[PDB]
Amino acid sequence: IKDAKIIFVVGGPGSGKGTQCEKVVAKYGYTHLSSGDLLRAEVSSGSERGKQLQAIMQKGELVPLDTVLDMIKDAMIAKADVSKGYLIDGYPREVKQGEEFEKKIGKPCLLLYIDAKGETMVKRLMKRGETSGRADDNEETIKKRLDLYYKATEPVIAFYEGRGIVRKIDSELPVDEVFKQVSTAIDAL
């Protein structure tokens, strides 16, 4: 799995990470791994761990590194012989997550920084909340997730800027405008 291209996709809640990753999959055939999807899947399994994860996620807090990195590595290994590239969506969310990923799996080739305005993100999450009804899309939890992104996850961007692999994606544009930037960054690999 250290063999393949590893792309980190990092951005605030509702910035458009998942949407852009799925466009990348259809055009490039990369493997999309969502830390969020992996966790929600554990929740719906009925496990005690899933119940613990559910409580944390509904509060808009960070799940512990050990759990989420376990599941990321698990998933990378399961898809290992069909993937010539990974999109790690929503990991890392703190500097220590990036470091432990590198120590235990491998270094990323690229970090796509999905950059949206705070209000735009609130709007989108408020709108999805009224539609899908994800438990963490209620108004107060949105604010907790947003404030947490700013505190814990923005330093991840600084870290990988020092590495030199961050490409900033203007995610305020229409979805297809955003994807043109994403495509441009991926082609220049």
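The first residue of the shown sequence is 1; numbering continues from there.
Looking at 145-153 and 128-136 together, the entry lists the larger mean B-factor for 128-136, computed on C-alpha atoms. Comparing 92-100 with 75-83, the higher mean C-alpha B-factor in the PDB entry belongs to 75-83. When the modelled residues of the chain are ordered by their C-alpha B factor, residue 164 lands in the middle third. Per the deposited record, the Cα B-factor of residue 174 falls in the highest third when ranked against the other modelled residues of its chain.
For residue 46, the recorded CA B-factor ranks within the highest third of the chain. Only modelled residues enter the ranking.
Sort the chain's modelled residues by C-alpha temperature factor and residue 189 lands in the highest third, per the entry.
Residue 57: CA B factor lies in the lowest third for its chain, per the PDB record.
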